[PDB]
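Residue numbers (the deposited numbering), protein chains in the order written: chain A, 1 to 100; chain A', 1 to 100; chain C, 2 to 567; chain C', 2 to 567; chain C'', 2 to 567; chain B, 1 to 101. A prime marks a further copy of an entry chain. The structure appears below as structure tokens.
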Amino acid sequence: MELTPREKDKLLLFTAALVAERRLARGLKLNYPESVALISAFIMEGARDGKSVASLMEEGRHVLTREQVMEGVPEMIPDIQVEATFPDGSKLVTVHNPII
Amino acid sequence: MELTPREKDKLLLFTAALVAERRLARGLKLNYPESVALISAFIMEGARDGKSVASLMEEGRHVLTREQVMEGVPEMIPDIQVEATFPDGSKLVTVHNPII
Amino acid sequence: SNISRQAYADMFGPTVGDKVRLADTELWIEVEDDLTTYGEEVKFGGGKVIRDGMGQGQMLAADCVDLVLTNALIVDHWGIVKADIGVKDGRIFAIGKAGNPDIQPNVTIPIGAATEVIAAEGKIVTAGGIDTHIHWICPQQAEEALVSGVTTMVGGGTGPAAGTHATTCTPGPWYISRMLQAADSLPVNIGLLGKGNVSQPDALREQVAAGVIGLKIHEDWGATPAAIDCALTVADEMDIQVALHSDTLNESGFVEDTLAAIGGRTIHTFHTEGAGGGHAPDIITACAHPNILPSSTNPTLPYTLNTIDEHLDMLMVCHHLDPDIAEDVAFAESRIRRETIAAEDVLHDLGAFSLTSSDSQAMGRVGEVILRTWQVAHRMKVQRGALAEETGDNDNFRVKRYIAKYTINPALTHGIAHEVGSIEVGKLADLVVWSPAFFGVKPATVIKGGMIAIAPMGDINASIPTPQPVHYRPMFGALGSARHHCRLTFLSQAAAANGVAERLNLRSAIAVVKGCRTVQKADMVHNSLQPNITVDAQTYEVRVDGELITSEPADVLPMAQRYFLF
Amino acid sequence: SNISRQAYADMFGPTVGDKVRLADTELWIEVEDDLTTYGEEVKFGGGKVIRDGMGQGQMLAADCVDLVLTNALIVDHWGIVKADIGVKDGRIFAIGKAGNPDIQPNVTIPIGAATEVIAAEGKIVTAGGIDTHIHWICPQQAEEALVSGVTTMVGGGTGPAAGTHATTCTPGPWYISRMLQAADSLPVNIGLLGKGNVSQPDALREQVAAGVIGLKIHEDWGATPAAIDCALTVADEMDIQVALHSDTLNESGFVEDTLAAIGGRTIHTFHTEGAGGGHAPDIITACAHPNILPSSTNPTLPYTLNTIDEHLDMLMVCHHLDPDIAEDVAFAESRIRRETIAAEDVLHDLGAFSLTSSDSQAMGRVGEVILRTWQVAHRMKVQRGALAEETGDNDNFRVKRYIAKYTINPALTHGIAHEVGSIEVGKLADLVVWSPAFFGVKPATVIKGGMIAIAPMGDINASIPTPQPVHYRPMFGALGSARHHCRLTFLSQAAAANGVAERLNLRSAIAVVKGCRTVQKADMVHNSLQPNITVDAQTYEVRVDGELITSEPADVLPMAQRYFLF
Amino acid sequence: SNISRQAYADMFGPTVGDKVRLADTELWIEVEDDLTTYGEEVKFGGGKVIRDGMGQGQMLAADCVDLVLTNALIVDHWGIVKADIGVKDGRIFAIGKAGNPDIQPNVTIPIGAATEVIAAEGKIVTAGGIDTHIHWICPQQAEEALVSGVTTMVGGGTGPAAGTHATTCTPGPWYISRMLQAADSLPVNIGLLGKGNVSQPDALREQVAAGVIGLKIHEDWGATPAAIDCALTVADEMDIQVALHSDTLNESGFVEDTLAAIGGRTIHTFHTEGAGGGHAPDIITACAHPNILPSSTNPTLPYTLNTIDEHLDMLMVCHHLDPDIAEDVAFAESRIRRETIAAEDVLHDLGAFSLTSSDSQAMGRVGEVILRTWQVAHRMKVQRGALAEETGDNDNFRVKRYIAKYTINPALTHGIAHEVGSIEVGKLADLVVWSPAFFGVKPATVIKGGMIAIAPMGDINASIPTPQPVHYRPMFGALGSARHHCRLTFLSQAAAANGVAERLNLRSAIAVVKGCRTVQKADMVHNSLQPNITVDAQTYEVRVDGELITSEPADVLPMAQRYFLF
Amino acid sequence: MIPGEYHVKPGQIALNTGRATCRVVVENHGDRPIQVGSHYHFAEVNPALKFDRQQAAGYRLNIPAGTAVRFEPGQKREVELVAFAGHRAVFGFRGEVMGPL
Ligand code: NI
Ligand code: NI
Ligand code: NI
Ligand code: NI
Ligand code: NI
Ligand code: NI
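Structural data, given as structure tokens:
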């Protein structure tokens, strides 16, 4: 595989997201770290699929709503950022006010 | 996310448990590390749900039976301990003789 | 010109009169003072103020600070104020108004070409915490503690050995020398405690001369009146502190006998409530004395729904007790008492207990000293309302009283307050930057000796430091020689004189302890109450002046599930 | 006897006339020369050639090389040739024919008992990359850069502090000393840049005397004509380089005023295209001058479909800009221009831009300097065809022109080319081994100072080093004292003379910079074009000799999704 | 009073006559002796024995031990006994009865204030393993080996280079010096092997004078009679050991020619069975000679169902062989023989093969030397029953014979037995603590030089060290200067005299090898059989005294799937 | 409940009080935008900005610290200046004073 440090680091994000994903499935209101990991992982898969940066900046605001997260959580996340390999290389996706 | 060292450490427990979980699903008799990881992960999710320490100390003894693990495994685990964030902070759950 | 207060806060952080909520608790602080000159605040960035000829001067390095923390909201035992902080030579230079004297008024902290900038507008800055109850079971504890905001760790141990699992003792010259050398590798200030349980003074003197800054008296090694007296005699002659974990079994006598053996000499009582150890069931009465500096370990802070259930088994493992041996289990219900556990929280709120500590991996959580201290303050506000000392509609006084518990008081108790423990000029620059929403839980920046040692860090390959995953990673202040230069290894005056540092070839900066015998309960900042406290031998009820002291167990706590992944 | 060319390539790697595809790009290199004697190639293994009396001689250590890279395909600015590489005393000894002179002909690189062997048949070997635009935000960047094939890192910073987030500056004597000490812990050659924004010369001289090898002029600290002139005056007297990030706001003047302040003195212009900073919208015109050494930062290389969308927000975070403050956002569309972004790619292809760099975690990707440089070459071949300089049906010239951008040119620009930057005898042995299918993306071996410092490594407990999981892990060259011996810390001539190394007790090898004032655009290998370039103030169109310079955005790029897990 | 044997075992561990099962194997040990005085056992904990005036004395540090391992069940080549172990100055002080002479009888190991305690009741304690066949392919191997219970690693290499992938050689003065420096960073005792393949003596002498403690003769570098004779001549004059991997191809002669070249001089034969290398198909006959110290590498131990299938490909990768080149593959079935693989297991059981080793990442598993040795003992008990030397109904003798294979015999073979290799007074305190259920698989504690270097460790933030996840983490003995003080770098007598340690500025303790030429087969503890062994040239059948030697392949093995996650 | 929320009291802050100020009409005669910072010595701004440089001597923009005023090409506007304090020594910018005043 020849995994570089950055690829191994992202495995940590992916795994953190598996945790949140299961908790949401049980119907729990997600906390701060769970919310960030869940939305971040979503974006990385979007880049893998070949979606554009512009599309993801929008789609990322519709992953979790205010009623699926704990109180105060939406305000603790004014934005979310993550980079991934798009067909045209690494790019940064910034999602402003992801939880509404 | 601002993951502290202890949160990242627990991701190792979670992942170890995903391994055991799949093997049990295939119908294999779990070994020592698989058993510990499976029961430990169960307890952490219990705390996430808001279950009390007292409840988990009991429920943890009904995750795996003597017929779902390899010979000698129950005797290699006189108890299992794990801490997690309950609604009232970190607490220690000790499950005595988890496998019967 | 003019600017609205709201827009002003969004730009430079809150000012006089503005209140800020501490994390998700019910504690609110209010800015008591602002040292700036409105319209002359220094701000860094493109087209901002800190630029040549403007907010940055023409002075040489010797005439300006190395690091400036701009627009910081300081929360310390002495005040909650807005100001710039200047750091020079690894020490706190000034708390005032930074800028360029050439064009700006009231500049007390000069910024020049040699000045680095940390933007603290909107953040709370505090001194680094000090945990004086560390069991050196593993080296990984230092990183865990540093990430939580604790910059100094005092304790004893040699690693995962039975003696260390149970007690804070680094036994003898060889192990002390070995741990002093190992300490250079750790990113926190460190001081070791030796085994004080012996009735032959020379065996203690050797340990002090070898480098320990204190002696731990522990019942597992025999906390007898003879051993106690011996340790205190040597402590009195070498100016080191004694930490006590008394005779729970009442084998050599009761609490009054131990107190008698102490004989009015200065001593730090560990986990004074008793669950962590001490005369059953009344070791808590020790906080009534003037020569006793009392502290709590963290698993009992604060009293919650799961506290009791959890403790019964934790006790066994720590002290190598046998659940089958009746005598080893009978003293469980004698050591774990709902009555004293509930009272402890109140005694902290009143200032009867002056310190908080961990008791790392031996009935304590190394990364939760700061976190739990604030949870107690929250629960006490909720249950008891404002303190008699409060002024105004804020919790400022309660905040100063509690922050002192893990900062200045531990420093005073162990004779290291001349070096660390608070944000005062001349002290080592061990600072912690917090975003208000994560105060006491997850730090934005941890500064050691003037260099950032650890901080949350995003994707290393990213175009900015903010992309996920963001988790705590070691910085330059935690690297090799830069680390040595930014940390302190505390030595006893005798060890320092004997040339221990040169002989062991220690690489870090050296500090010496002093003033351990002269400190008393009255010297503990905002926590000097000596209550007329009693414990009922049968019911275990705690009473102060005859009134019952108690509290209710929390079902949910702030700084808990909203912040942690597990 | 005789052997077919195909079987020969499978055994010893390609030879004269054979072509090789670079990763999954459209670039093809062709072996220009082969220094071997057919039938006398050295090969290692059981029953192979390198054995006592055969391909290995009887000479003493002083008479043979320490390490030999057999059958390597060298790709350097001077040629693409097949040869053995000899390494002795941590430096490149010879490029020739290895073996035993006792029984083999034309041996120039003697192999003896003291000779280690690295089999490079079928691999491409290049010099280690050099990134001269590093923001020391975190120490983890060094590992990331090393894994990508970059062995020297020049920049400034003190860690995750606002000043460093925005600028490549290690402010003052104290922070410089601290970073010089921290550098010993990192597995890459390092040189620091100080803060050059001051109008008082002595404040700069102190920094140079403290150890920096250059001064960074940054608009965030005030890039005024006064500051610029001051930094260049000191640069001229101390033989250090100046790196510029000009006044984007046109606050003190336009690009022509900055150019005037420079006054024909040597200077390295960072991110000359402008998106990363510089006079809006024409800082790009700087590449027309003889005293200007121009470089690009990587997020704009090459122009793709998502480039623009991505940049708007990245700008804000790096420079501490406010998206609510109109003035802080109005200069976004002034800084991010499709027109200049598209032109940059072409200017690189023509040799007008001579260097590529990262701008690590401050609008740049530390592990993508090499990767993106090749992506630009690919896209330019695809869009513009062969260069006027090409000979034969290969892209050999375009390959030499682009490899020089992150190897020799950065070395020449910062006065360290006497030590590193290319595979030439006498230079430090910083080499990178690549399998052709992973060229520019994931290295097979990274050699520092003659020792492997990092490489892909499989299961540690496996019976061979190849079983999964295979990921990059630190090797012996990255360990303690072996590391010190295999890395260089570059000092300014003044610091070296002042005994800075001895005073700070630096453990690594020391190298001194020289020749920073004498280098000019004409000295940049294969990249010396000084075009008559103009930028339309309104439309932002870039024109050279009146002709419009532009390119099309890529939808898909090689060295991307086929190689990365995320 | 009186106590039942069962309750006694649960409290202090088993005593004389009690048997204990080794992990999940069929091997049972029986306590041969107990050095305690019943009722006077020392136990640590609250209210236990080791307390001031009781089990702890009043003596000074010089008069008591630094560390005591209480109630340990020692398993060593000399006996399986119950006793306390005293450790002082990093070395084994005594094996006896610990306590306080003031009130207890028969105390030989005094406990004082300066004494740390490790509770070993119920645990098995052994010397640290010694692997003399390490290929330094990556530094990560040291941690892997340490976790398995191996505390000394002897071998050669420079990292992931072809020469090291294939052979245990650190070629020449420069690489030797570099590896000696890198060794200070590793938590295990280390000794290097140089490349012994040369016919010019001075080329070897330089390497020995540079620091190697042995010379590796490997066929990949040419294992000719000339090279062999040269290496042995120098070995004889410098008192260093020679490790041989003979001519598999029979290119220079057959096994009898190699044996002739050796000429009765002392030599260690690596992987004597042959699969790992050596004259095909009879290198195994070497174990019949008095000057030959034979060892096995681990992938062939023990013979199982998947052994053969697995080997065919493993061979190729290690030695850089081509699966397409007929000659490179034809010698696969010549090197991998079911016949010799099966015989090896029996020869170990009989004491004809005296050592076990890994052959790390070059046809061997670094973390499985101890594990596989016990698997062979198990399989041999199962197939052959009790050894002729057994007494009583236990496997005590078979246990002493096998433990000697990876402890004392390797130490004797390489001239380091004066420092390590067994639990005897005066030897370095490299000890390993095992819980009986995990014996040979996962250690409870690994002690290096008197300090715990690695151990399983639970949640760092937990209230006790036991909560999950529990995995191996580095301890204080593996940290910086404490590490240097607790490890040894073995040097040749010449290197030591030449001041190599001072010149390279090595920080760890130095030990010198001696007695490498004088050891012979008869000196190998419990493994001195010199059988009249023959190998049929055609059938490959192994015969001793004409009788066929063979065994059956295991389908399932203990110490396998019950303990590992993957 | 919002973790770390502020409770800013309502009102306004008066900036740079008690200091001399003056208004100046400024026009951008250049063909590229010019943005000026709060603490920059106005008399030494980009030469393309036309105004009474003599009046703006020792003055800076009377705007909140860290903000700026942008001038698009051809833009004309009146700005308010506030006098430098401290030692009133100007060093840097375009190097026109390099000393007191
Ligand atoms: Ni205690
Ligand atoms: Ni404790
Ligand atoms: Ni820039
Ligand atoms: Ni930059
Ligand atoms: Ni071999
Ligand atoms: Ni080998």
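Ideal Cβ positions, reconstructed from N, Cα and C, are used throughout, including at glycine.
DSSP three-state assignment for residue i, whether helix, strand or coil
| i | result |
| --- | --- |
| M1(A') | coil |
| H62(A') | helix |
| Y403(C) | helix |
| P468(C') | coil |
| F565(C') | coil |
| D237(C') | helix |
| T71(C') | strand |
| residue 1(C) | What is shown of chain C runs 2 to 567, which leaves residue 1(C) out entirely. |
| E207(C) | helix |
| residue 147(B) | Coverage of chain B is limited to positions 1 through 101, which leaves residue 147(B) absent and any answer about it impossible. |
Sheet register partners of residue i (DSSP bridge)
| i | result |
| --- | --- |
| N3(C) | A14(B) |
| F86(A') | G89(A') |
| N292(C') | For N292(C'), which the question treats as bridged, DSSP gives no partner whatsoever. |
| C22(B) | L81(B) |
| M154(C') | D132(C'), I191(C') |
| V513(C') | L492(C') |
Worksheet item: Does the count of Cβ pairs from the stretch 302-322 of chain C' and the stretch 40-49 of chain C closer than 8 Å reach three?
Response: yes
Worksheet item: Which residues count as close to ligand 1 when the rule is a CB under 6 Å from any of its heavy atoms, in chain order?
Response: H246(C), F271(C), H272(C), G277(C), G278(C)
Worksheet item: So which residues put a beta carbon under 5 Å from any heavy atom of ligand 2, going in chain order?
Response: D360(C), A363(C)
Worksheet item: In the stretch 388-400 of chain C, which residues sit with their C-beta less than 7 Å from some C-beta in chain B, listed in chain order?
Response: none
Item to complete: Check distances from the C-beta atoms of the stretch 69-101 of chain B to those of chain C' and list, in chain order, the residues that come in under 8 Å.
Response: Taking 8 Å as the Cβ-Cβ cut-off against chain C', the residues of the stretch 69-101 of chain B that qualify are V69, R70, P73, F91, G92, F93, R94, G95, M98.
Discussion item. Tell me which residues of the stretch 294-312 of chain C have at least one Cβ-Cβ distance to chain A' shorter than 7 Å, keeping chain order.
Written reply: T305, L306, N307, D310, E311
Item to complete: Could you tell me whether the stretch 256-270 of chain C touches the stretch 299-317 of chain C, using the rule of 3 or more Cβ pairs below 8 Å?
Response: no
Worksheet item: Along the stretch 100-123 of chain C', what residues have a CB closer than 8 Å to any CB found in chain C''?
Response: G113, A114, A115, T116, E117, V118, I119, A120
Discussion item. For the structure I just gave you, are there three or more beta carbon pairs, one from the stretch 440-449 of chain C and one from the stretch 367-380 of chain C, closer than 8 Å?
Written reply: Judged by pairs of C-beta atoms under 8 Å, the stretch 440-449 of chain C touches the stretch 367-380 of chain C, as three or more such pairs exist.
Practice prompt. Using a Cβ-Cβ cut-off of less than 8 Å, list which residues of the stretch 445-469 of chain C' approach chain A; keep chain order.
Written response: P457, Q469
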